[PDB]
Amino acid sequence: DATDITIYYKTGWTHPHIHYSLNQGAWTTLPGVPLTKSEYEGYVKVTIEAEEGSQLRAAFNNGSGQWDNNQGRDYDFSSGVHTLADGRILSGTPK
(Lines of atoms letter the chains of each structure in order from A and count residues from 1; the text may use other names and numbers.)
(Lines give C-alpha, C1' and ligand atoms only; values in the text may rest on other atoms or scores of the structure.)
Protein backbone atom coordinates (compact mmCIF):
# COMPACT_ATOMS: atom_id res chain seq x y z
CA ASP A 1 0.00 0.00 0.00
CA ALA A 2 1.14 3.46 -1.03
CA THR A 3 2.86 5.84 1.40
CA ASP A 4 4.39 8.97 -0.16
CA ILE A 5 2.22 11.41 -2.02
CA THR A 6 3.61 11.87 -5.54
CA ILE A 7 2.11 14.55 -7.77
CA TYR A 8 2.57 15.39 -11.44
CA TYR A 9 1.34 18.92 -12.23
CA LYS A 10 0.69 20.42 -15.65
CA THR A 11 2.11 23.92 -15.72
CA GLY A 12 4.28 26.31 -17.69
CA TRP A 13 5.28 28.18 -14.57
CA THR A 14 9.08 28.22 -14.21
CA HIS A 15 9.14 28.28 -10.40
CA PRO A 16 6.04 26.18 -9.41
CA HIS A 17 5.52 25.52 -5.76
CA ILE A 18 3.09 23.39 -3.76
CA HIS A 19 1.67 24.89 -0.56
CA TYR A 20 0.04 22.28 1.57
CA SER A 21 -1.25 20.79 4.79
CA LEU A 22 -0.35 17.13 5.18
CA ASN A 23 -2.83 14.97 7.17
CA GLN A 24 -4.47 18.14 8.56
CA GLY A 25 -1.25 19.37 10.04
CA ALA A 26 0.51 22.70 9.75
CA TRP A 27 0.43 24.51 6.42
CA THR A 28 3.81 24.86 4.85
CA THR A 29 5.59 28.19 5.08
CA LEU A 30 4.44 30.21 2.10
CA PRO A 31 5.06 29.74 -0.84
CA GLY A 32 5.66 26.06 -0.01
CA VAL A 33 7.94 23.49 -1.58
CA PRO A 34 9.20 23.67 -5.21
CA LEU A 35 8.21 21.11 -7.78
CA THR A 36 11.00 19.79 -10.08
CA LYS A 37 11.07 19.13 -13.83
CA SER A 38 9.44 15.76 -14.60
CA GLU A 39 10.18 13.17 -17.24
CA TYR A 40 7.14 14.52 -19.19
CA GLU A 41 7.16 17.86 -21.08
CA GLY A 42 4.70 20.38 -19.60
CA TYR A 43 4.61 18.63 -16.15
CA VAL A 44 6.58 19.19 -13.01
CA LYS A 45 6.54 16.76 -10.09
CA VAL A 46 7.07 16.36 -6.39
CA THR A 47 7.02 13.62 -3.83
CA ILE A 48 5.90 14.54 -0.34
CA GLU A 49 7.07 12.10 2.27
CA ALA A 50 4.13 10.48 4.02
CA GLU A 51 2.89 7.39 5.78
CA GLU A 52 0.43 4.90 4.49
CA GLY A 53 -3.14 6.18 4.23
CA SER A 54 -2.15 9.87 4.02
CA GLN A 55 -3.88 12.80 2.36
CA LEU A 56 -2.84 16.41 1.85
CA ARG A 57 -4.68 19.57 0.84
CA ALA A 58 -2.79 21.79 -1.61
CA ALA A 59 -2.76 25.05 -3.55
CA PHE A 60 -0.18 25.61 -6.25
CA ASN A 61 1.58 28.83 -7.05
CA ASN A 62 4.14 30.27 -9.45
CA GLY A 63 6.60 31.32 -6.71
CA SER A 64 5.53 35.00 -7.08
CA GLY A 65 2.01 35.02 -5.66
CA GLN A 66 -0.05 33.72 -8.55
CA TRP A 67 -2.17 30.72 -7.58
CA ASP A 68 -3.98 27.62 -8.71
CA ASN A 69 -6.30 26.73 -5.86
CA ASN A 70 -9.23 24.83 -7.39
CA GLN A 71 -11.80 27.67 -7.21
CA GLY A 72 -10.62 28.42 -3.70
CA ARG A 73 -11.33 24.86 -2.52
CA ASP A 74 -7.77 23.46 -2.74
CA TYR A 75 -6.78 20.15 -4.19
CA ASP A 76 -6.87 16.83 -2.34
CA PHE A 77 -4.16 14.23 -2.91
CA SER A 78 -3.80 10.82 -1.28
CA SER A 79 -0.85 8.42 -0.87
CA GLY A 80 0.30 7.05 -4.25
CA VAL A 81 0.70 8.76 -7.62
CA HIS A 82 -1.67 11.29 -9.18
CA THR A 83 -1.57 13.89 -11.99
CA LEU A 84 -3.25 17.29 -11.83
CA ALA A 85 -4.04 18.81 -15.22
CA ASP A 86 -6.38 21.73 -15.80
CA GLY A 87 -8.02 21.40 -12.48
CA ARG A 88 -8.67 17.65 -12.67
CA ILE A 89 -6.88 14.93 -10.72
CA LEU A 90 -6.46 11.36 -11.99
CA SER A 91 -4.45 8.46 -10.64
CA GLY A 92 -1.13 7.72 -12.22
CA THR A 93 0.99 9.59 -14.73
CA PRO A 94 0.36 12.10 -17.57
CA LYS A 95 -2.04 10.91 -20.21
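From 1 onward, residues are counted along the sequence shown.
Higher average CA B factor: 47-55, of the stretches 64-72 and 47-55. The PDB entry assigns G80 a C-alpha temperature factor belonging to the highest third of its chain's modelled residues. Residue-level temperature factors show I7 in the lowest third of its chain, judged at the C-alpha atom. In the PDB entry, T28 places in the lowest third of its chain by CA B-factor.
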